[PDB]
Amino acid sequence: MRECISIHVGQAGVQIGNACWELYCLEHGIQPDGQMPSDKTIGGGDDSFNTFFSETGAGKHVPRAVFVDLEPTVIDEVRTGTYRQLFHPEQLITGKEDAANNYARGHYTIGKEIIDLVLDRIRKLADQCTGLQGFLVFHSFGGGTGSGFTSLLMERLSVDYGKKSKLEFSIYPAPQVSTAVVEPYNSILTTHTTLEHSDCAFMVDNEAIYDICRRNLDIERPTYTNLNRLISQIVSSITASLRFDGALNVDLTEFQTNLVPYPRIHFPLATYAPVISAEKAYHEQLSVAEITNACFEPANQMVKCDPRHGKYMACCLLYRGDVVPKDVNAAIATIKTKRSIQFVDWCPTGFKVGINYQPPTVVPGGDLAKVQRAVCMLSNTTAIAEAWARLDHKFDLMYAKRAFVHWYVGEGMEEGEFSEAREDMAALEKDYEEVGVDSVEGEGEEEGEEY
Amino acid sequence: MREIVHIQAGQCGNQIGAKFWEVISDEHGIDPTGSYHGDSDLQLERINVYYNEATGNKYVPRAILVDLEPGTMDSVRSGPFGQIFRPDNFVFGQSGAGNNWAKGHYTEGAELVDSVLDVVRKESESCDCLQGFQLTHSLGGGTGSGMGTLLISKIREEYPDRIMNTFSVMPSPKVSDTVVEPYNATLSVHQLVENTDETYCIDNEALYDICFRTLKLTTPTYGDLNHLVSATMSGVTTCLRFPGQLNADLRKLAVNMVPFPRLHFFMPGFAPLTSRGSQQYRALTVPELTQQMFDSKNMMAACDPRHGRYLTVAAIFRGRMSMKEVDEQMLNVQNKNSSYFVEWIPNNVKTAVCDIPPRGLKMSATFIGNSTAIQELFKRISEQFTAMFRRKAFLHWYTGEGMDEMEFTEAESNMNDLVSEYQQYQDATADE
Amino acid sequence: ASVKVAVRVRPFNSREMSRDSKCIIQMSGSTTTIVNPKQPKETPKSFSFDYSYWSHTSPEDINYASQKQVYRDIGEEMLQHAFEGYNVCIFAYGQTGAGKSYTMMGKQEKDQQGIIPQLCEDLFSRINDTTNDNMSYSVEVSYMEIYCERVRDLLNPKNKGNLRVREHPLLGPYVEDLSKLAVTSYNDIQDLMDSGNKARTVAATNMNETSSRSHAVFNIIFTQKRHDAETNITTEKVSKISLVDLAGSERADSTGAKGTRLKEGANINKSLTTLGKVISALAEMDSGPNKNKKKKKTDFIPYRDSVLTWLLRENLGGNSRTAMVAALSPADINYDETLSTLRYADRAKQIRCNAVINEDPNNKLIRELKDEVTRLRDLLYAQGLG
Amino acid sequence: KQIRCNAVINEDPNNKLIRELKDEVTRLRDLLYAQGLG
Ligand SMILES: CC(=O)O[C@H]1C(=O)[C@@]2(C)[C@H]([C@H](OC(=O)c3ccccc3)[C@]3(O)C[C@H](OC(=O)[C@H](O)[C@@H](NC(=O)c4ccccc4)c4ccccc4)C(C)=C1C3(C)C)[C@]1(OC(C)=O)CO[C@@H]1C[C@@H]2O
Ligand SMILES: Nc1nc2c(ncn2[C@@H]2O[C@H](COP(=O)(O)OP(=O)(O)OP(=O)(O)O)[C@@H](O)[C@H]2O)c(=O)[nH]1
Ligand SMILES: Nc1ncnc2c1ncn2[C@@H]1O[C@H](COP(=O)(O)OP(=O)(O)NP(=O)(O)O)[C@@H](O)[C@H]1O
Ligand SMILES: Nc1nc2c(ncn2[C@@H]2O[C@H](COP(=O)(O)OP(=O)(O)O)[C@@H](O)[C@H]2O)c(=O)[nH]1
Ligand SMILES: [Mg+2]
Ligand SMILES: [Mg+2]
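Residues numbered from 1 in each chain as written, not as in the entry; some residues may be left out. Chains lettered and ligands numbered in written order. Part of a larger assembly, values for the part shown. Heavy atoms only, no water.

Determination of this PDB entry was carried out by cryo-EM to a resolution of 3.20 Å, according to the record.

A. Examining the side chain of A:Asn329 more closely. Here A:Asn329 is to be found in helix 14 (residues 325-337). Aside from chain neighbours lying at most four places away, what touches A:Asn329 is B:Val175, B:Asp177 and B:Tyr208. (Helix = DSSP H or I, 4+ residues; strand = E, 2+ residues; numbered from the N terminus. Contact = heavy atoms within 4.5 Å.)

B. Seen up close, the interface of chain C and chain B. The partner chain B presents 16 residues to the 13 residues of chain C that form the contact. In total, about 1,300 Å² of surface goes out of reach between chain C and chain B, with carbon and sulfur atoms giving 50% of it. The largest contributions to the chain C side of the interface with chain B come from C:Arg166, C:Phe300 and C:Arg304, which together make up 46% of the buried area. Summed over the shared surface of chain C and chain B, the number is 2 salt bridges. Its salt-bridge partner being C:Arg166, residue B:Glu410 comes within 3.4 Å of it at the nearest N-O pair. Here chain C and chain B share 2 residue pairs in polar contact between them. Grouping the constituent residues of the side of chain C that touches chain B by class yields 4 nonpolar, 3 polar and 6 charged. (Buried area = accessible area lost by both parts, 1.4 Å probe. Salt bridge = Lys/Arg side-chain N within 4 Å of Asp/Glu carboxyl O. Polar contact = N/O pair within 3.5 Å; in protein donor to acceptor, adjacent residues only side chain to side chain. Nonpolar A, V, L, I, M, F, W, Y, C, P; charged D, E, K, R; others polar.)

C. Main features of the site of ligand 3. Residues and elements named next belong to chain C. Around ligand 3 lies a shell of 15 residues, among which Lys100, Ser101, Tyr102, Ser211 and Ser212 are the nearest. With respect to ligand 3, the backbone of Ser101 contributes an N or O atom lying 2.9 Å from an oxygen atom. In the environment of ligand 3, an oxygen atom lies 3.1 Å from a nitrogen or oxygen atom belonging to the backbone of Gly248. Starting from 620 Å² of accessible surface for ligand 3 in isolation, the protein chains cover 80%. Of the residues belonging to the shell around ligand 3, the class tally is 2 nonpolar, 9 polar and 4 charged. (Near = heavy atom within 4 Å. Areas by Shrake-Rupley, 256 points an atom, 1.4 Å probe, with all protein chains shown as cover.)

D. Quick peek at the domain arrangement of chain B. All names here are of chain B. Assigned domains of chain B: these are domain 1 (2-259), domain 2 (260-373) and domain 3 (374-431). Just the C-alpha atoms count here: the centres of domain 2 and domain 3 sit 31 Å apart. Facing 19 residues of domain 2, the contacting portion of domain 3 comprises 14 residues. Of all residues in domain 2, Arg262, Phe265 and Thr372 bury the most surface against domain 3, accounting for 37% of the area lost on that side. Taken together, the connections running from domain 2 to domain 3 amount to 1 salt bridge. Linking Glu421 and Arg262 is a salt bridge whose minimum nitrogen-to-oxygen distance equals 3.5 Å. Across the domain 2-domain 3 interface, the total number found is 9 residue pairs in polar contact. Mapped by element, the contributors of at least two residues to the side of domain 2 that touches domain 3 are strand 9 (265-271) and strand 12 (364-371). (Domains from an automatic or database assignment.)

E. The arrangement of the UniProt feature "binding site: Mg(2+)" in chain C in detail. Residues and elements named next belong to chain C. Sequence positions flagged by UniProt for "binding site: Mg(2+)" are, in local numbering, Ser101. Its place among the elements puts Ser101 in helix 4 (residues 100-104). With near-sequence residues (within four places) excluded, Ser101 lies in contact with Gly106, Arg200, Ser212 and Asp245. (UniProt positions renumbered as here; feature names shortened; annotations may be inferred.)

F. Region of the structure containing the coordination of the magnesium ion (ligand 6). Residue and element names in this part refer to chain C. Surrounding the magnesium ion (ligand 6) are the protein donor atoms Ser101 (OG) and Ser212 (OG), which sit 2.0 to 2.1 Å from the metal. Of the two residues, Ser101 sits in helix 4 while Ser212 sits in strand 13 (residues 208-212), which places them 111 residues apart along the sequence. Residue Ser101 is classed as partly exposed on the basis of its relative accessible area, which comes to 27%. (Donors = N, O, S within 2.8 Å, 3.2 Å for Na, K, Ca; no water. Buried < 20%, exposed > 50% of the residue type's maximum accessible area, 1.4 Å probe, protein only.)

G. Region of the structure containing the sheet that holds strand 4 (residues 46-48) of chain C. Residues and elements named next belong to chain C. Pairing is antiparallel in the open sheet, where 3 strands are placed in the order 2-3-4. Edge positions in the sheet fall to strand 2 (25-28) and strand 4, since each of these pairs with one other strand and no more. The mean angle between the axes of side-by-side strands here comes to 20°, regardless of whether they run parallel or antiparallel. Of the pairings in the sheet, the one linking strand 3 (residues 31-34) to strand 4 comprises 3 bridges and is antiparallel in character. Each residue of the ladder has a partner; that of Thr32, found in strand 4, is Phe47. Along the sheet, helix 11 (residues 335-349) contacts strand 2, strand 3 and strand 4; its crossing angle with strand 3, the most-contacted strand, is approximately 150°. (Pairing = 2+ DSSP bridges. Axes fitted to C-alpha atoms, helices over the stretch in contact; angles between N-to-C directions.)

H. Structural context of the packing of aromatic side chains. Under the counting rule described, the total for this entry stands at 53 aromatic pairs over all chains. Ring plane angle 50° and centroid distance 5.6 Å describe the contact between A:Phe296 and A:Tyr312, whose orientation is recorded as tilted. Remark: A:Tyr312 occurs in strand 9 (residues 312-321) and A:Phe296 occurs in the loop between helix 13 (288-295) and strand 9; sequence separation between them is 16 residues. We note that A:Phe296, like A:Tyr312, is buried. On the basis of an interplanar angle of 85° and a centroid distance of 5.5 Å, the ring pair of B:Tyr183 and B:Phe408 is categorised as edge-to-face. Separated by 225 residues along the polypeptide, B:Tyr183 in helix 7 (residues 181-192) and B:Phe408 in helix 15 (residues 405-426) bring together distant segments of the chain. Taking the relative accessible area as the measure of exposure, B:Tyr183 reaches 0% and is therefore buried. Three or more aromatic residues link up through ring pairs in this structure, and these residues are A:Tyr185, A:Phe395, A:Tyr399, A:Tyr408 and A:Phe418. A cation over an aromatic ring shows up here: A:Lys326 above the ring of B:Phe212, its NZ or CZ 3.8 Å from the ring centre. Over the aromatic face of A:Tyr451 sits the side chain of C:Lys297, whose NZ or CZ is 3.6 Å from the ring centroid. (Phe/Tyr/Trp six-rings, centres within 6.5 Å; stacked < 30°, edge-to-face > 60°. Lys NZ or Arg CZ within 6 Å of the ring centre and 35° of its normal.)

Now the structure itself:
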């Protein structure tokens, strides 16, 4: 049994969880009330997949989910929504104020008195689980709860379970667009925990998704629902390989083994190729070569960073639908001859491939078209440093004058916790600048003995 | 009367073994349930090589299935020939290696190896006179390489006299499917060069080239590649099961092929492979089979034989034919291509002829070469190995499971010594 | 330098005396003459060796080579070289019944002892003899055997498992988890020697009542340290004494082996064939590049074809000073094997070595640079520039 | 009154001595060879 626990923290996490669980219930034919008429109609099967749903005796299916937030609003919207009967009545909601965009409030002051209950529920879920694979933590940098409480939770989970993988999906702040004045402080302070404790951290950006949803899916006024649906498609593409059959099957440990050359550089980008509207679904072959090429297009990246300014260190392609290995090999061969895509000289292979038979589903009322093929590409590259560098500059512009600092120190932190984190951030940046450099010319300087 | 115990490890090994058991059950008229529905009496005469006999007059293959992912076993069971295997031989665990050779060899495989060896002993003690083993696995992966090497080592420790064959799918030159193929390939080859008697090198790119250029298939899948490898595997051990004018046991091939102990890496091939479209044009004769077998395009190893020399070759024909024509054609191939055969092994072409051809073919032949060009393959892996080991590209995953740099260095040294040994015969003009 | 070659002849054995006992070996100075018993008209082909030991006539005193003469010729000099700082090897060779264990091991109860008792003993009586306030010595002893392509530890307590063989990148092949012990007096090492000899696998055969069924290697790691804060260097010297007793060739017709004995004989013959091949290849390789021009293009040497040649890679060539002691049977019936042994001894005489042995390479570089500074300063001062 | 500190590096004495001796050898060799005495 390949089983995962999904943890959703903060407003962004809870809403992405709503989208993700809508997609999962649609995928496995589970009704919003937890019943699955398909098994009754047919007679039986494995459609109650243990990856995401636990089956009780009566035939109901409960998600393997944990929702957490310090406000009651976002989760009260779920307790009385369409899916009110799907979830276990526990939702781990602190009936108090919120972290208030303050990392210290969510990590030190109010993050306590709720971490114990969350850990108890996580332990209860893990006890029922056999052959646990890892965790999927959804949060967002720049928020109070999603930064501080996520940091505390990750630290405690690393202390307790230790060896299990911990995959992290997070919403990095955009370069220009933002919805708060103190985003840089929380984003920089989260570096400690997102570096040491997590195993692989996927970053997505709202500006990139807005750009995609205006060139590809021709929508002019998108909302957060579209962003959450696209992120849900990405996560489903990641997790499909341990729910359905396929020619080449990639588990969660293979991801870490193939995309992480060193422990401190586990920040890959993610992208989805066949993002297209129903009207433009026609006039387009959508072959394997086209989607593979579109994965490498700079315009289709989910984070505002240009891959041409860096070097690719590893790639992982996850195919879904009517995909044959020969076409994948031809597409990879074609990509390897392009000069605009530079790979580090110390990784000659530089490609992981996985194929799954299950095609992507169509959420009713959605925006994506019905397609026969799809591919999700993950790319560990050096361009991500640029996406960090801007943030560091912003942090300096606020820390020189110590603006907004008294709020953070008033909740239990000290000034030094800022500077230390910044120093740590600098180290990470330098590490990237160390790894993207070409090996020195004739790395043994020069050689040649007698004969 | 001789047996062969069969072991399968990993996804690639499991699928190739499934197709192989489907090809063998056809040749012998075993039905997807174990019942015999053949027509020729010779099918049952030597069925003891692969199949045990059950109490209900059914036949059960002497196969062992190994993996650390239950998905492969589930796929095998839910298939046309899933029920034929006995369920007790399905040995597996959970939390697969994940393309980590260390997990397959040291951490996880160390627990399942005892169960696999118990089943191997149970199958081996029931044979009248065991001949040898054969293993299908992929070098570039996880559980395949590690568990295959560990099982090979354990069996050679326990059964030193018996034969150990291996049909290994090596990493391709430019086609790749996992990032860390060179590490696993280098370690697996370091293990194989010591503890095996024969090793048939198979390459995915060569099979794709055969499918595209020779058979003219537009959308080849893994099934076709398994088909080819399975036809090669049957063709190797034909003489154990059917009569012939001049038989050739496995030991005969082992003796006549390898000149020295460390050179047992064989390039295989099969003929006749046409196009379903030009079957009506090409006449089937011994010269045509000889022409197709020695063609560089028809090899399954993706190494050009014209870049080296043949230390030894073996041709096993199946079908009614004349020995005069076969011997004349082998002598002709030697004489015309005088530059591609070593000068110090006179008449280095083993010949075998079996009377019974495959199902619906009048004649067939399989080719087993041992050429220095195989060195190219190792060199490629070695090159890529250096390109990652110099910077320690992914080394923490391997050192976390209980290994060190010394193992990598000694494996690389063994690879380089093997390459040098093949090189030292490659050039002509042994004097100076 | 080159391989040192010693040849020694043994007296008759009961089986040889029972059958035809006409001797064919003659030996004078540093020359050995063999006469074909089937072709008396043929020339008495002769061979030259660095050392020659006629031990055929026991009670006489006319060119009789006792055990101590053989030691004083070979083992003395080998220890002296070991003190000088070189790794040293002495390995026996011959056919079954030649008398290799007699030359190496000897009889404990008698005064006539083989090479190793003499050396381990002399070295103790020299360390103990020269110990001082500044000087100090350390000795560690190991003893392994190769039975059927598997390494077993002789001094270790009962452990039926087989030890793994690794390849250190600088130090070459070695054995993992070998029970290397420390000895401080002669009684301890004598106890280790007796335990190892008792632990060795020995079986009776028609050619020898107590034939050897396994190759054996006796290893002494020897360390010299100097203690003075002003002038001396600690751990200044480390060296290895390797003493190898090989199992001889066999022929199943005269041997009379059946079952396990036949398998042991086959494995022994396989390993010895590999050893002969590597010896011949080494000889040709060193001779050619020495004489032919100096090309040094490429010459593969099959070290890896057997575990015996793999473990002894550094002794057969490279970083060691090595001696080969061939034993020869006198009888006419064993002529075909004796001639082969002589031929391979002659081939081994052509092999070369390259041994320096330096310790702590940072200290090597430091002392070399200091000597260079002194030399250049003296040159400048002599020329008026310093 | 934040002021610049830079990085304090604890060098290995072995490498320090090796580098110093290499510099001395280089200077002496350059002086000797420049005058044609080597
Ligand atoms: C005209 C005719 O009779 O059809 C042939 C045919 O056209 C050809 C093209 C067949 C055909 O093979 C293929 O098309 C093919 C495609 C991909 C991979 C492998 C094969 C054939 O399928 C293959 C099939 O061969 C057999 O049945 C053999 O006994 C073969 N066994 C199987 O193919 C087999 C597969 C699944 C289950 C049971 C048996 C075999 C060969 C050697 C040793 C043992 C078994 C045959 C004669 C043919 C068809 C049907 C078209 C060829 O295959 C073989 C090995 O016979 C391809 O080159 C040969 C030459 C044949 O002429
Ligand atoms: N993509 C996406 N991002 C969201 C969504 N909702 C919130 N965000 C991001 O979240 C950031 C605001 O911080 P939050 O994560 O909401 O903080 P919080 O979880 O509410 O915790 P508190 O600060 O204590 O209220 C914004 O900058 C958004 O970019 C969403 O539905 N989709
Ligand atoms: N020079 C010698 N003088 C007296 N007895 C000897 C002499 N050399 C050997 N022997 C005896 O003859 C026998 C053969 O000696 P041994 O050294 O055991 O041969 P070996 O080397 O062991 N043959 P192998 O089985 O290949 O090891 C033993 O009984 C010895 O005691
Ligand atoms: N010939 C062949 N190769 C395969 C097949 N399936 C996978 N492979 C190869 O196996 C490699 C991946 O190794 P994998 O099978 O996952 O190793 P495992 O996880 O230990 O079983 C890839 O390079 C593929 O080319 C198959 O059906 N046939
Ligand atoms: Mg909030
Ligand atoms: Mg002996």
